[PDB]
Amino acid sequence: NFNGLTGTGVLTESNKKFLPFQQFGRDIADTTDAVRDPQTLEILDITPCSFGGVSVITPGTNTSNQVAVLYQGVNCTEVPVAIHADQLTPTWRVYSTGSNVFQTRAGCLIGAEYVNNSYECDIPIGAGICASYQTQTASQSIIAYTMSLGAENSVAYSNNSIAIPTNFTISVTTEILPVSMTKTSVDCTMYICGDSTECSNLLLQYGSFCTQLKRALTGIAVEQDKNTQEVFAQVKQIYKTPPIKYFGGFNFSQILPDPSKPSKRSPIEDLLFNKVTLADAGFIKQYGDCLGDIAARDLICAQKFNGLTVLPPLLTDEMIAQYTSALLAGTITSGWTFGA
Amino acid sequence: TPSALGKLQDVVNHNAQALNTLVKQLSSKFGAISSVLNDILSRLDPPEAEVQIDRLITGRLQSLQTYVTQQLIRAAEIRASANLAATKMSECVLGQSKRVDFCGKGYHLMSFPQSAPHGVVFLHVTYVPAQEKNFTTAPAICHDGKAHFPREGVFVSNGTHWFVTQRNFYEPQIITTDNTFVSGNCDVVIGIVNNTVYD
Amino acid sequence: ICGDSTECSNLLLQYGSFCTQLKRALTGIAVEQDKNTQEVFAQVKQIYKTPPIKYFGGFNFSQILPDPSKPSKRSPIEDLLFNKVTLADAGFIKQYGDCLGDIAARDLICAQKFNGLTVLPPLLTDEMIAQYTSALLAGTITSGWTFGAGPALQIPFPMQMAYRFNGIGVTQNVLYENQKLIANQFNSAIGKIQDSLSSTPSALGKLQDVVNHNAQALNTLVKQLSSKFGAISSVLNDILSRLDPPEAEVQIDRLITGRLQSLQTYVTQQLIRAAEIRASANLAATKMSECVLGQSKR
Amino acid sequence: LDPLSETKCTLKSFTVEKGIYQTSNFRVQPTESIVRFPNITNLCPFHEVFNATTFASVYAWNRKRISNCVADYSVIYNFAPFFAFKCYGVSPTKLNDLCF
Amino acid sequence: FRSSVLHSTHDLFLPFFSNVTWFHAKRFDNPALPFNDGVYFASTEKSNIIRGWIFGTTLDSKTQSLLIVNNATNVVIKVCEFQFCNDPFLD
């Protein structure tokens, strides 16, 4: 506190040449980084104290509670923590020693044992260094290592040698791509005011902010229905599969629709439908479902009471299954002819 | 493995999280004395309550515009995947595509679509060779003082005899006139070897 | 927003999760950029090593193969490309003494780090990307497109280049009779590439504008701290020392809303730029598999 | 207590998955002492303006230059109750902690 | 204090490439120059000729006037109702 200018910093006694009428110096952000002492005619710079981010590498809670600490952009050999009970309190937890310190180009990592072995990157840290909870150190702890780019291979290239395969392998891979999202609509006066009579009178004075946000949400809703339409409704003929016969030895029972269960979908689609759990399908919910029994994790009732509701999709799961079966029955009975 | 559909699971999780964090913004006090509008109207006078309500209106409007902005950005990401899935549907399921690594890894034979909640799953059937063997090859064959090149295969040698076979499969056959064609002499090819041709 | 102010950060918590929402958005971009680089260079799982340089039918790949004569194990072409683009901040560790003193230089990184603006280093370093490039390069020159669809099948490059002409519609005898001509035109074309990149510095303007827009976005974000959003001053310490806490809350609230709007504006532009980079990354990833790992008729 | 509980509070959940999953916090070094360095001086002639018999005219208002003194505004409070003590740029209780 | 920065300011400055008047007074009987929101005075003499200026509205005892005079050892600045003559000069 020189002349009413309070703050936090460290004096360095720089070599800035101030003029007799100049006492304070500011940076680009107009923050005073250099001041002239009121008593002595020396110049002192104001640099902020030790500052930096800290990340905590945590393995699975169901596995163990041992965690590692990473200080981003901080060198291990200058100030790891360097406090004694009367210093920083964002984190009241200090790891001092124990051969766990390691210097990376991303920062100082505390709580991991660096090994010369290379494995696949499990927990990305930065600068090509990753961590994992391995049980080969037997005790188990968090270790740091350099990520392995892959197995080393050398091709025996020659000017007169060639490799030709003698057999083959029919491999099937899976590729999942999102096609649509949840269509939601927001009530302006219900979310901002909430049935207040005095409110919603000053909100109309702001203009068309409610209408602009309404057209944007409805624009997304009609867009998601178009996205699903352009993917599954590429064909106009709903091809029905003939009675299951000997398709040359190929068994399509896992992908063809099975009438033994409702919704007319394959066992594979039955599994995929059970993996993803929809928070709100947008279907009708009874008014009595929210009244009482609020102890459950029914966050849908809380958002619907404030104007946040989810709209159901246009094409139901049954119609998408029929589009999938139509595309499936077409390619197995006609190849690529029905597409052109 | 339940972590196979993480892409589709993160979609419904981000939307649910965006709605949950939007409700918690109502409990925020954007510089006002309380987060409930009924309390401000009951405690302060209408002249003073307009100042407190205006802080809540601007605070909640900024929260809604932040939500709608992120939804418009996520909609562009979903549409990008939707246009990719629509193109992948026509090029992999409705036909056979020569694009490498597009319809799965390897030589794409055919694909089968599967319906999923807020997504689609493709079953790419690809051709993957295995257990290859090393052979001695030659660019051309010189029998009647003329260079013979393979029409659709490649010249190989098991050590003592030369044969012609396709690339993606080892099917050795005798070198004949119908499987090769003559073009030029034997002085232009570098690694051309001498071998008989059957007529 | 506060800058180590005790009175501040107490009214900021009353705004809700605005800090957490902007934090998840930035971390979402950070994990996204690591995925973009991963999907482009790590398309193969086997790190193929190039054999000792022999007569590749007359083709000279010395300009693209990694040269062990210089560190980082990259080709002379990559050496030139690495020198054209100048990174403002690579995200590596910077000593604390680097900012103390000698501030006369254009060290804007120290100014932004003092206000909470820091750059994180990428996951895959330049050395690992160079190894992925050499792996993709050594694979296509010794196995063609076979290593992309399955196991690496060795094949002579003149015979491999012959089937390249067979795909576009040219018989194999054309290459075998003009092998020396194709090799000379190939080597002359590669030498022309390094001369064009070294003479014309405006060739990498696309990659240069990326680091320039990010550096400018951070610089304009620091200048917003000097703005007076309806307050009497831009320094929070001055307002507390001049006005009483009852009156200072009105002035601080104007600065908080002003700086929050600046942060949300920065994060919004970063999300839009991230969509553009991801679109180019998905295009580069598709172009990697269709042009390098095979021959495309497009 | 420990970084695990800190990241639990950050994630607002009792279970944390594998990985960092968030940025825990930011390290900030606090102060250990105080350095008030204002200048060195003698008292202020506030008696020349407040303890005065007769002031000047309105059109001929006299301006008194004040410099090189320790302005202790607490000596003004013990005077007669003022009709209006209103500051338009600062608070009246903050003058003693500032320089001019 | 600012260093290695570009700062923009809006104040009364002298426009670049502006036509300025050069006086060689030598001749007396020169009327007083107007004060248009600020003046830029420059001279290169080395005989201590110019050592003061006057400022005012009418330059008489009817209104206030600023008298600035620079001596060899001190400077005197006074605000009083000076009755300036037609050609004021120091003796």
# chains A, B, ... in the order shown; residues from 1 in each chain; ligands from 1
call {"tool": "closest_atom_pairs", "arguments": {"of": "chain B", "to": "chain C", "cutoff": "8 Å", "atoms": "only C-alpha atoms", "output": "Markdown table"}}
result
| residue | atom | partner | partner_atom | distance |
| --- | --- | --- | --- | --- |
| B:21 | CA | C:17 | CA | 7.5 |
| B:24 | CA | C:16 | CA | 7.4 |
| B:25 | CA | C:16 | CA | 5.7 |
| B:27 | CA | C:16 | CA | 7.7 |
| B:28 | CA | C:16 | CA | 5.1 |
| B:29 | CA | C:14 | CA | 5.0 |
| B:30 | CA | C:15 | CA | 5.1 |
| B:31 | CA | C:253 | CA | 7.1 |
| B:59 | CA | C:15 | CA | 7.8 |
| B:73 | CA | C:272 | CA | 7.4 |
| B:77 | CA | C:275 | CA | 7.6 |
| B:98 | CA | C:296 | CA | 7.8 |
| B:99 | CA | C:290 | CA | 6.0 |
| B:100 | CA | C:290 | CA | 5.2 |
| B:101 | CA | C:289 | CA | 6.1 |
| B:102 | CA | C:286 | CA | 7.7 |
| B:105 | CA | C:149 | CA | 6.0 |
| B:106 | CA | C:149 | CA | 3.8 |
| B:107 | CA | C:149 | CA | 6.2 |
| B:128 | CA | C:150 | CA | 5.9 |
| B:129 | CA | C:150 | CA | 6.6 |
| B:130 | CA | C:151 | CA | 7.2 |
| B:132 | CA | C:153 | CA | 7.7 |
| B:139 | CA | C:159 | CA | 6.7 |
| B:149 | CA | C:173 | CA | 7.0 |
| B:183 | CA | C:173 | CA | 6.5 |
| B:188 | CA | C:177 | CA | 5.3 |
| B:189 | CA | C:176 | CA | 5.6 |
| B:190 | CA | C:176 | CA | 7.7 |
call {"tool": "residues_around", "arguments": {"residues": "residue C:49", "least_positions_apart": "3", "cutoff": "10 Å", "atoms": "only C-alpha atoms", "output": "PDB file with N, CA and C atoms, in the first residue's frame"}}
result
ATOM      1  N   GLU A 152       6.476 -52.291 -33.028  1.00  0.00           N
ATOM      2  CA  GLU A 152       7.477 -52.008 -34.046  1.00  0.00           C
ATOM      3  C   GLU A 152       7.483 -53.111 -35.097  1.00  0.00           C
ATOM      4  N   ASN A 153       7.353 -52.722 -36.363  1.00  0.00           N
ATOM      5  CA  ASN A 153       7.293 -53.664 -37.472  1.00  0.00           C
ATOM      6  C   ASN A 153       8.260 -53.218 -38.558  1.00  0.00           C
ATOM      7  N   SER A 154       8.890 -54.186 -39.220  1.00  0.00           N
ATOM      8  CA  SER A 154       9.812 -53.928 -40.319  1.00  0.00           C
ATOM      9  C   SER A 154       9.393 -54.768 -41.515  1.00  0.00           C
ATOM     10  N   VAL A 155       9.136 -54.110 -42.640  1.00  0.00           N
ATOM     11  CA  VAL A 155       8.719 -54.788 -43.862  1.00  0.00           C
ATOM     12  C   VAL A 155       9.958 -55.216 -44.635  1.00  0.00           C
ATOM     13  N   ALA A 156      10.008 -56.495 -45.011  1.00  0.00           N
ATOM     14  CA  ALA A 156      11.137 -57.044 -45.763  1.00  0.00           C
ATOM     15  C   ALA A 156      10.994 -56.665 -47.238  1.00  0.00           C
TER      16      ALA A 156
ATOM     17  N   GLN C  46       0.562 -50.428 -36.505  1.00  0.00           N
ATOM     18  CA  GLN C  46       1.926 -50.924 -36.620  1.00  0.00           C
ATOM     19  C   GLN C  46       2.846 -49.796 -37.067  1.00  0.00           C
ATOM     20  N   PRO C  52      16.861 -50.184 -45.129  1.00  0.00           N
ATOM     21  CA  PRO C  52      17.985 -49.387 -45.639  1.00  0.00           C
ATOM     22  C   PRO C  52      17.744 -48.901 -47.058  1.00  0.00           C
ATOM     23  N   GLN C 131       6.746 -39.712 -36.100  1.00  0.00           N
ATOM     24  CA  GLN C 131       6.826 -41.165 -36.193  1.00  0.00           C
ATOM     25  C   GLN C 131       5.591 -41.739 -36.876  1.00  0.00           C
ATOM     26  N   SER C 134       6.175 -41.039 -40.542  1.00  0.00           N
ATOM     27  CA  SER C 134       7.144 -41.964 -41.118  1.00  0.00           C
ATOM     28  C   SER C 134       6.564 -43.368 -41.238  1.00  0.00           C
ATOM     29  N   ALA C 135       5.713 -43.761 -40.288  1.00  0.00           N
ATOM     30  CA  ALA C 135       5.079 -45.074 -40.358  1.00  0.00           C
ATOM     31  C   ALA C 135       4.139 -45.164 -41.553  1.00  0.00           C
ATOM     32  N   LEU C 136       3.333 -44.123 -41.769  1.00  0.00           N
ATOM     33  CA  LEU C 136       2.457 -44.097 -42.936  1.00  0.00           C
ATOM     34  C   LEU C 136       3.263 -43.994 -44.224  1.00  0.00           C
ATOM     35  N   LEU C 137       4.411 -43.318 -44.174  1.00  0.00           N
ATOM     36  CA  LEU C 137       5.229 -43.154 -45.370  1.00  0.00           C
ATOM     37  C   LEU C 137       5.974 -44.440 -45.708  1.00  0.00           C
ATOM     38  N   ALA C 138       6.573 -45.079 -44.701  1.00  0.00           N
ATOM     39  CA  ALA C 138       7.317 -46.310 -44.950  1.00  0.00           C
ATOM     40  C   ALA C 138       6.387 -47.445 -45.360  1.00  0.00           C
ATOM     41  N   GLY C 139       5.123 -47.379 -44.946  1.00  0.00           N
ATOM     42  CA  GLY C 139       4.191 -48.440 -45.290  1.00  0.00           C
ATOM     43  C   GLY C 139       3.738 -48.372 -46.736  1.00  0.00           C
ATOM     44  N   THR C 142       6.580 -49.403 -49.307  1.00  0.00           N
ATOM     45  CA  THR C 142       7.027 -50.789 -49.288  1.00  0.00           C
ATOM     46  C   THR C 142       5.893 -51.790 -49.445  1.00  0.00           C
TER      47      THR C 142
END
call {"tool": "interface_residues", "arguments": {"of": "chain E", "to": "chain A", "cutoff": "9 Å", "atoms": "only C-alpha atoms", "output": "PyMOL selection string"}}
result
chain E and resi 1-3+5+7
call {"tool": "residues_around", "arguments": {"residues": "residue A:31", "least_positions_apart": "5", "cutoff": "12 Å", "atoms": "only C-alpha atoms", "output": "PDB file with C-alpha atoms, in the first residue's frame"}}
result
ATOM      1  CA  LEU A   5      -2.975   1.255  -4.278  1.00  0.00           C
ATOM      2  CA  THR A   6      -3.712  -2.056  -2.560  1.00  0.00           C
ATOM      3  CA  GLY A   7      -3.110  -5.496  -4.006  1.00  0.00           C
ATOM      4  CA  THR A   8      -0.896  -8.563  -3.928  1.00  0.00           C
ATOM      5  CA  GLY A   9       2.487  -8.912  -5.581  1.00  0.00           C
ATOM      6  CA  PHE A  24       2.931   4.476 -11.503  1.00  0.00           C
ATOM      7  CA  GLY A  25       3.232   2.210 -14.526  1.00  0.00           C
ATOM      8  CA  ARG A  26       0.487   0.067 -16.014  1.00  0.00           C
ATOM      9  CA  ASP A  45       7.938  -3.783 -10.082  1.00  0.00           C
ATOM     10  CA  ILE A  46       4.734  -5.490  -8.956  1.00  0.00           C
ATOM     11  CA  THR A  47       4.651  -9.090 -10.175  1.00  0.00           C
ATOM     12  CA  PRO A  48       1.920 -11.473  -8.971  1.00  0.00           C
TER      13      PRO A  48
ATOM     14  CA  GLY C   3      -7.710 -11.078  -9.568  1.00  0.00           C
ATOM     15  CA  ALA C 111       0.478 -10.817 -19.292  1.00  0.00           C
ATOM     16  CA  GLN C 112      -2.249 -13.377 -20.009  1.00  0.00           C
ATOM     17  CA  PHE C 114      -1.131 -13.470 -14.779  1.00  0.00           C
ATOM     18  CA  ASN C 115      -4.889 -13.190 -15.435  1.00  0.00           C
ATOM     19  CA  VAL C 222      -6.806  -9.205 -21.704  1.00  0.00           C
ATOM     20  CA  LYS C 223      -7.615  -5.727 -23.023  1.00  0.00           C
ATOM     21  CA  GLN C 224     -11.209  -6.168 -21.830  1.00  0.00           C
ATOM     22  CA  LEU C 225      -9.924  -5.985 -18.244  1.00  0.00           C
ATOM     23  CA  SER C 226      -8.950  -2.344 -18.844  1.00  0.00           C
ATOM     24  CA  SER C 227     -12.539  -1.543 -19.860  1.00  0.00           C
ATOM     25  CA  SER C 233     -12.535   2.582 -12.605  1.00  0.00           C
ATOM     26  CA  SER C 234     -11.302  -0.696 -14.068  1.00  0.00           C
ATOM     27  CA  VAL C 235      -9.331  -1.747 -10.957  1.00  0.00           C
ATOM     28  CA  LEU C 236     -11.298  -3.562  -8.261  1.00  0.00           C
ATOM     29  CA  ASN C 237      -8.766  -2.597  -5.583  1.00  0.00           C
ATOM     30  CA  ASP C 238      -9.303   1.101  -6.319  1.00  0.00           C
TER      31      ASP C 238
ATOM     32  CA  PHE E   1       4.922   4.937 -17.599  1.00  0.00           C
ATOM     33  CA  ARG E   2       4.451   2.830 -20.733  1.00  0.00           C
TER      34      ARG E   2
END
call {"tool": "interface_residues", "arguments": {"of": "chain D", "to": "chain C", "cutoff": "9 Å", "atoms": "only C-alpha atoms", "output": "list in words"}}
result
residues 22, 23, 26, 28, 30, 89, 90, 91, 92, 93, 94, 95, 97 and 98 of chain D
call {"tool": "interface_residues", "arguments": {"of": "chain A", "to": "chain C", "cutoff": "6 Å", "atoms": "only C-alpha atoms", "output": "number ranges by chain"}}
result
A: 6, 29-30, 73, 105-106, 126-128, 150-154, 157, 159, 162-163
call {"tool": "write_last_selection", "arguments": {"atoms": "C-alpha atoms", "output": "short mmCIF file (atom, residue, chain, number, x, y, z; two decimals), in the first residue's frame"}}
result
data_model
loop_
_atom_site.label_atom_id
_atom_site.label_comp_id
_atom_site.auth_asym_id
_atom_site.auth_seq_id
_atom_site.Cartn_x
_atom_site.Cartn_y
_atom_site.Cartn_z
CA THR A 6 -3.71 -2.06 -2.56
CA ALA A 29 -4.64 -4.48 -19.01
CA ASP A 30 -4.09 -1.19 -17.09
CA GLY A 73 3.17 -25.25 -15.96
CA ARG A 105 6.86 -30.44 -20.17
CA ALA A 106 3.20 -30.00 -19.18
CA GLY A 126 0.14 -34.10 -21.77
CA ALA A 127 3.43 -33.93 -23.68
CA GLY A 128 3.12 -37.60 -24.61
CA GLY A 150 2.28 -49.25 -31.61
CA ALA A 151 4.23 -52.43 -32.12
CA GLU A 152 7.48 -52.01 -34.05
CA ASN A 153 7.29 -53.66 -37.47
CA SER A 154 9.81 -53.93 -40.32
CA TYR A 157 11.24 -54.89 -48.88
CA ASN A 159 13.35 -55.46 -55.56
CA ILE A 162 6.28 -59.98 -53.30
CA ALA A 163 3.79 -61.18 -50.69
#
call {"tool": "select_by_dssp", "arguments": {"residues": "chain E", "states": "strand (DSSP E or B)", "output": "ChimeraX atom specification"}}
result
/E:52-56,65-70,75-80
call {"tool": "closest_atom_pairs", "arguments": {"of": "chain B", "to": "chain A", "cutoff": "7 Å", "atoms": "only C-alpha atoms", "output": "CSV"}}
result
residue,atom,partner,partner_atom,distance
B:2,CA,A:275,CA,6.8
B:8,CA,A:178,CA,5.9
B:9,CA,A:276,CA,5.8
B:11,CA,A:181,CA,6.7
B:12,CA,A:278,CA,6.6
B:15,CA,A:182,CA,6.9
B:16,CA,A:279,CA,6.8
B:23,CA,A:303,CA,6.4
B:57,CA,A:192,CA,6.3
B:60,CA,A:192,CA,6.1
B:68,CA,A:213,CA,6.8
B:75,CA,A:220,CA,6.7
B:78,CA,A:180,CA,6.2
B:79,CA,A:227,CA,6.6
B:81,CA,A:178,CA,6.1
B:82,CA,A:179,CA,4.6
B:85,CA,A:177,CA,6.5
B:86,CA,A:231,CA,4.4
B:89,CA,A:231,CA,6.8
B:94,CA,A:336,CA,5.3
B:95,CA,A:336,CA,4.9
B:104,CA,A:173,CA,6.5
B:112,CA,A:328,CA,6.4
B:113,CA,A:324,CA,6.4
B:114,CA,A:324,CA,6.2
B:115,CA,A:321,CA,6.0
B:116,CA,A:272,CA,6.1
B:117,CA,A:273,CA,6.4
B:118,CA,A:180,CA,4.9
B:119,CA,A:178,CA,4.0
B:120,CA,A:177,CA,5.6
B:121,CA,A:176,CA,4.5
B:122,CA,A:175,CA,5.2
B:123,CA,A:174,CA,5.1
B:124,CA,A:173,CA,5.2
B:125,CA,A:172,CA,4.6
B:126,CA,A:171,CA,5.5
B:127,CA,A:170,CA,5.4
B:128,CA,A:169,CA,5.0
B:129,CA,A:168,CA,3.8
B:130,CA,A:168,CA,5.2
B:131,CA,A:165,CA,6.0
B:132,CA,A:165,CA,3.7
B:133,CA,A:163,CA,5.5
B:134,CA,A:163,CA,4.6
B:135,CA,A:162,CA,5.4
B:136,CA,A:161,CA,4.7
B:137,CA,A:160,CA,5.3
B:138,CA,A:160,CA,6.5
B:167,CA,A:164,CA,6.4
B:168,CA,A:165,CA,6.5
B:169,CA,A:165,CA,5.5
B:170,CA,A:166,CA,5.1
call {"tool": "select_by_dssp", "arguments": {"residues": "stretch 2-97 of chain D", "states": "helix (DSSP H, G or I)", "output": "PyMOL selection string"}}
result
chain D and resi 3-11+46-48+74-77+92-97
call {"tool": "write_last_selection", "arguments": {"atoms": "N, CA and C atoms", "output": "short mmCIF file (atom, residue, chain, number, x, y, z; two decimals), in the first residue's frame"}}
result
data_model
loop_
_atom_site.label_atom_id
_atom_site.label_comp_id
_atom_site.auth_asym_id
_atom_site.auth_seq_id
_atom_site.Cartn_x
_atom_site.Cartn_y
_atom_site.Cartn_z
N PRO D 3 -7.17 -34.51 -2.28
CA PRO D 3 -7.58 -34.20 -3.66
C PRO D 3 -8.78 -35.00 -4.14
N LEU D 4 -8.97 -36.22 -3.63
CA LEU D 4 -10.12 -37.02 -4.02
C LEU D 4 -11.42 -36.34 -3.59
N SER D 5 -11.50 -35.90 -2.34
CA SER D 5 -12.69 -35.19 -1.88
C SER D 5 -12.86 -33.87 -2.61
N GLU D 6 -11.75 -33.22 -2.98
CA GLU D 6 -11.85 -31.95 -3.70
C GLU D 6 -12.46 -32.15 -5.08
N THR D 7 -11.99 -33.16 -5.82
CA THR D 7 -12.58 -33.42 -7.13
C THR D 7 -13.99 -33.98 -7.01
N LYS D 8 -14.31 -34.64 -5.90
CA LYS D 8 -15.69 -35.06 -5.66
C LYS D 8 -16.60 -33.85 -5.49
N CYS D 9 -16.16 -32.87 -4.70
CA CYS D 9 -16.94 -31.64 -4.55
C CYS D 9 -17.03 -30.88 -5.86
N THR D 10 -15.96 -30.92 -6.66
CA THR D 10 -15.99 -30.24 -7.95
C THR D 10 -16.98 -30.89 -8.90
N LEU D 11 -17.02 -32.22 -8.92
CA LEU D 11 -17.96 -32.95 -9.76
C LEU D 11 -19.35 -33.08 -9.14
N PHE D 46 -5.70 22.80 8.75
CA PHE D 46 -7.15 22.80 8.61
C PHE D 46 -7.80 23.87 9.49
N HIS D 47 -7.05 24.42 10.45
CA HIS D 47 -7.59 25.49 11.28
C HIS D 47 -7.69 26.80 10.52
N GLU D 48 -6.90 26.96 9.45
CA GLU D 48 -6.95 28.18 8.66
C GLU D 48 -8.25 28.30 7.87
N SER D 74 -10.05 13.41 10.54
CA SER D 74 -10.78 13.13 11.77
C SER D 74 -10.94 14.37 12.64
N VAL D 75 -10.11 15.39 12.44
CA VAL D 75 -10.22 16.62 13.22
C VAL D 75 -11.42 17.44 12.80
N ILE D 76 -12.02 17.14 11.65
CA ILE D 76 -13.18 17.88 11.19
C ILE D 76 -14.47 17.34 11.80
N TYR D 77 -14.50 16.06 12.17
CA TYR D 77 -15.73 15.47 12.70
C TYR D 77 -16.12 16.05 14.05
N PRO D 92 -16.89 9.21 3.00
CA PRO D 92 -16.25 10.07 4.00
C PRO D 92 -15.36 9.32 4.98
N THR D 93 -15.59 8.02 5.18
CA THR D 93 -14.76 7.24 6.09
C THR D 93 -13.54 6.64 5.40
N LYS D 94 -13.29 6.97 4.14
CA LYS D 94 -12.17 6.42 3.39
C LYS D 94 -11.12 7.47 3.04
N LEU D 95 -11.31 8.72 3.46
CA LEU D 95 -10.34 9.76 3.12
C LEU D 95 -9.03 9.56 3.87
N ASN D 96 -9.09 9.06 5.11
CA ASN D 96 -7.89 8.88 5.91
C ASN D 96 -6.99 7.77 5.38
N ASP D 97 -7.49 6.89 4.52
CA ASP D 97 -6.72 5.78 4.00
C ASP D 97 -6.28 5.98 2.55
#
call {"tool": "atom_distance", "arguments": {"atom1": "atom CA of residue B:96", "atom2": "atom CA of residue B:111"}}
result
8.5 Å
call {"tool": "atom_distance", "arguments": {"atom1": "atom CA of residue E:27", "atom2": "atom CA of residue E:61"}}
result
26.1 Å
call {"tool": "interface_residues", "arguments": {"of": "chain D", "to": "chain A", "cutoff": "7 Å", "atoms": "only C-alpha atoms", "output": "PyMOL selection string"}}
result
chain D and resi 1-4+15-20+23-31+35-39+97-99
call {"tool": "decode", "arguments": {"residues": "stretch 29-81 of chain D", "atoms": "C-alpha atoms", "output": "PDB file, in the first residue's frame"}}
result
ATOM      1  CA  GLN D  29       0.123 -17.970  -3.120  1.00  0.00           C
ATOM      2  CA  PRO D  30      -1.162 -15.673  -0.348  1.00  0.00           C
ATOM      3  CA  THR D  31       0.539 -12.799   1.428  1.00  0.00           C
ATOM      4  CA  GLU D  32       2.527 -13.110   4.652  1.00  0.00           C
ATOM      5  CA  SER D  33       3.019  -9.472   5.722  1.00  0.00           C
ATOM      6  CA  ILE D  34       1.963  -5.885   4.977  1.00  0.00           C
ATOM      7  CA  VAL D  35       3.897  -2.917   3.559  1.00  0.00           C
ATOM      8  CA  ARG D  36       2.267   0.417   3.943  1.00  0.00           C
ATOM      9  CA  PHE D  37       4.627   2.823   2.582  1.00  0.00           C
ATOM     10  CA  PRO D  38       3.083   6.292   2.309  1.00  0.00           C
ATOM     11  CA  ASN D  39       5.156   9.426   2.631  1.00  0.00           C
ATOM     12  CA  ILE D  40       6.748  11.295   5.573  1.00  0.00           C
ATOM     13  CA  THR D  41       5.129  14.559   6.788  1.00  0.00           C
ATOM     14  CA  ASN D  42       3.802  17.260   9.231  1.00  0.00           C
ATOM     15  CA  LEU D  43       0.188  18.151  10.031  1.00  0.00           C
ATOM     16  CA  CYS D  44      -2.334  20.003   7.903  1.00  0.00           C
ATOM     17  CA  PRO D  45      -3.470  23.702   8.442  1.00  0.00           C
ATOM     18  CA  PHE D  46      -7.152  22.803   8.614  1.00  0.00           C
ATOM     19  CA  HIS D  47      -7.593  25.490  11.281  1.00  0.00           C
ATOM     20  CA  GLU D  48      -6.952  28.179   8.659  1.00  0.00           C
ATOM     21  CA  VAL D  49     -10.172  27.220   6.854  1.00  0.00           C
ATOM     22  CA  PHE D  50     -12.468  25.821   9.580  1.00  0.00           C
ATOM     23  CA  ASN D  51     -11.328  27.932  12.561  1.00  0.00           C
ATOM     24  CA  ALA D  52     -11.797  31.195  10.669  1.00  0.00           C
ATOM     25  CA  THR D  53     -13.717  34.278  11.770  1.00  0.00           C
ATOM     26  CA  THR D  54     -14.968  35.459   8.370  1.00  0.00           C
ATOM     27  CA  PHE D  55     -14.994  33.741   4.981  1.00  0.00           C
ATOM     28  CA  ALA D  56     -14.899  35.322   1.520  1.00  0.00           C
ATOM     29  CA  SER D  57     -17.701  36.292  -0.874  1.00  0.00           C
ATOM     30  CA  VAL D  58     -19.446  33.900  -3.244  1.00  0.00           C
ATOM     31  CA  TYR D  59     -18.223  35.619  -6.414  1.00  0.00           C
ATOM     32  CA  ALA D  60     -14.785  35.952  -4.778  1.00  0.00           C
ATOM     33  CA  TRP D  61     -14.467  32.436  -3.361  1.00  0.00           C
ATOM     34  CA  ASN D  62     -10.929  31.868  -2.090  1.00  0.00           C
ATOM     35  CA  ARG D  63      -9.113  28.675  -3.089  1.00  0.00           C
ATOM     36  CA  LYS D  64      -6.577  27.329  -0.585  1.00  0.00           C
ATOM     37  CA  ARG D  65      -3.825  25.139  -2.027  1.00  0.00           C
ATOM     38  CA  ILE D  66      -3.009  22.132   0.169  1.00  0.00           C
ATOM     39  CA  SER D  67       0.222  20.166  -0.225  1.00  0.00           C
ATOM     40  CA  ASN D  68       2.981  18.514   1.822  1.00  0.00           C
ATOM     41  CA  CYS D  69       0.899  17.519   4.837  1.00  0.00           C
ATOM     42  CA  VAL D  70      -0.760  14.551   6.528  1.00  0.00           C
ATOM     43  CA  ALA D  71      -4.441  15.372   6.003  1.00  0.00           C
ATOM     44  CA  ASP D  72      -6.124  13.975   9.131  1.00  0.00           C
ATOM     45  CA  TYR D  73      -9.809  14.430   8.312  1.00  0.00           C
ATOM     46  CA  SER D  74     -10.777  13.130  11.769  1.00  0.00           C
ATOM     47  CA  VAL D  75     -10.219  16.615  13.225  1.00  0.00           C
ATOM     48  CA  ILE D  76     -13.181  17.878  11.186  1.00  0.00           C
ATOM     49  CA  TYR D  77     -15.727  15.465  12.698  1.00  0.00           C
ATOM     50  CA  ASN D  78     -15.443  17.022  16.171  1.00  0.00           C
ATOM     51  CA  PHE D  79     -16.739  20.361  14.845  1.00  0.00           C
ATOM     52  CA  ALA D  80     -20.345  21.583  14.765  1.00  0.00           C
ATOM     53  CA  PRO D  81     -22.902  19.226  13.154  1.00  0.00           C
TER      54      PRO D  81
END
